[PDB]
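Right, one structure below, let's go through it.
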Amino acid sequence: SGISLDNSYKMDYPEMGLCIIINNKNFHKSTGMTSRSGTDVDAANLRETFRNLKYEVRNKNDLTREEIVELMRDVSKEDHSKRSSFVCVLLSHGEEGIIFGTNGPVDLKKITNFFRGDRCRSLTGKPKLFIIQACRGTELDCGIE
Amino acid sequence: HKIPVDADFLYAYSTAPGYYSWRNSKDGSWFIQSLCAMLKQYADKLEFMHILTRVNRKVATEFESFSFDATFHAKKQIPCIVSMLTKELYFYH
Ligand SMILES: *[C@@]1(=O)C(=O)N([C])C2=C1[C]=C(S(=O)(=O)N1[C][C][C][C]1[C]OC1=[C][C]=[C][C]=[C]1)[C]=[C]2
């Protein structure tokens with residue numbers, strides 16, 4: 029063959045990768061949080077977009093901090109051998125480091141950890157992508173005109 | 185032989201750390217609105233980080249919050265690309 033560079037991920041596996049989208053809209057009276065509106069458009073949008081990107085989209089609505097974790101633990105346990113990647117979209121309320129299940133908070137590290145190079149063997153060397161639509165605190169960018 | 189276990193992860197944050205993340209009750213969130221726009225327009229042209237950078241300017245320059253409440257009125261937002269990837273990323277091939 030010829031010189032072999034490799035500055036880009038092998039994205040020609042039989043499958044582009046499964047894309048998980050968690051669409052939390054409604055929260056338990058207790059959390060003291062209001063429902064997010066508009067999120068259903070967001071969620072529909074990503075599905076259409078990732079569907080065009082040959083991604084195997086799985087929308088998961090209003091998940092509890094517990095179901096998010098099981099979902100992840102379970103999805104991470106899957107065999108991603110014939111897949112080029114993994115996308116995961118978390119649509120919800122948040123704070124630096126955490127995103128809220130419908131009943132409580134989940135640590136971004138707690139879930140993205142199921143996919144660490146040593147805990148998700150069939151994804152090691154492959155790009156794990158996490159898109160996050162949630163607050164990372166409560167600061168406001170008054171911007172500069 | 186070995187590689188970081190936190191290696192090959194990409195974090196696309198809708199906002200800079202500590203700030204609010206805007207969402208419009210009708211059209212959706214600024215971020216995902218702008219993320220889907222850019223993906224369909226370039227997923228087959230640009231490398232992922234170049235896409236997300238267009239996504240950053242779309243949000244930054246095109247959106248600005250309207251609100252009856254001074255506190256939340258006229259705010260901007262800048263998504264945050266956090267990459268621990270070790271190679272370029274093109275959804276096409
Ligand atoms: C943010 O995601 C979060 O974690 N929390 C508690 C929260 C967040 C964003 C929003 S918002 O997108 O609605 N918006 C941006 C900051 C203030 C707020 C103002 O407008 C608004 C209020 C109620 C419904 C819809 C829009 C809210 C809460």
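Residue numbers (the authors' numbering), protein chains in the order written: chain A, 29 to 173; chain B, 185 to 277. Ideal Cβ placement from N, Cα and C applies to all residues, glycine included.
Item, Value
"Under the three-state reduction of DSSP, which class applies to A:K156: helix, strand or coil?", "strand"
"Taking the runs of the alpha helix (DSSP H) that are 4 residues or longer, which of them lie wholly in the stretch 48-89 of chain A?", "67-80"
"If B:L223 sits next to A:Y37, beta carbons under 8 angstroms apart, how far is it from one beta carbon to the other, in whole angstroms?", "Not confirmed; about 17 angstroms, so no contact."
"So what's B:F232 in DSSP terms, helix, strand or just coil?", "helix"
"In whole angstroms, what is the alpha-carbon distance linking A:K82 and B:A254?", "43 angstroms"
"Going by DSSP in three states, B:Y276 sits in which element: helix, strand or coil?", "coil"
"For A:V115 and A:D135, I'd like the C-alpha separation in whole angstroms.", "18 angstroms"
"For B:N208, return the contacting residues in chain A, with the cut-off set at a CB-CB distance below 7 angstroms.", "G66"
"Is B:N240 helix, strand or coil when you go by DSSP?", "helix"
"Following a CB-centred definition, is B:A200 positioned closer than 7 angstroms to any heavy atom of ligand 1?", "no"
"Would the C-beta of A:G132 count as close to ligand 1, meaning under 7 angstroms from any of its heavy atoms?", "no"
"Alpha carbon to alpha carbon, how far is B:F275 from B:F232? Give it in angstroms, no decimals.", "8 angstroms"
"So the alpha helix (DSSP H) B:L219 belongs to, where does it begin and stop?", "214-226"
"Would you decide whether B:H257 is buried or exposed? Buried here means 16 or more other CB atoms lie within 10 Å of its CB.", "exposed"
"Of all the CB atoms in chain B, is at least one closer than 8 angstroms to the CB of A:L157?", "yes"
"In the structure shown, what three-state DSSP assignment does B:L194 receive?", "strand"
"Between the C-alpha atoms of B:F193 and A:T59, what's the straight-line distance to the nearest angstrom?", "30 angstroms"
"Could you spell out where the beta strand (DSSP E) holding A:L151 opens and where it closes?", "Unbroken run through A:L151: none, as it is neither H nor E."
"In terms of residue numbering, what span does the beta strand (DSSP E) encompassing A:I127 cover?", "126-128"
"Along the chain, where does the beta strand (DSSP E) containing B:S267 start, and where does it finish?", "264-267"
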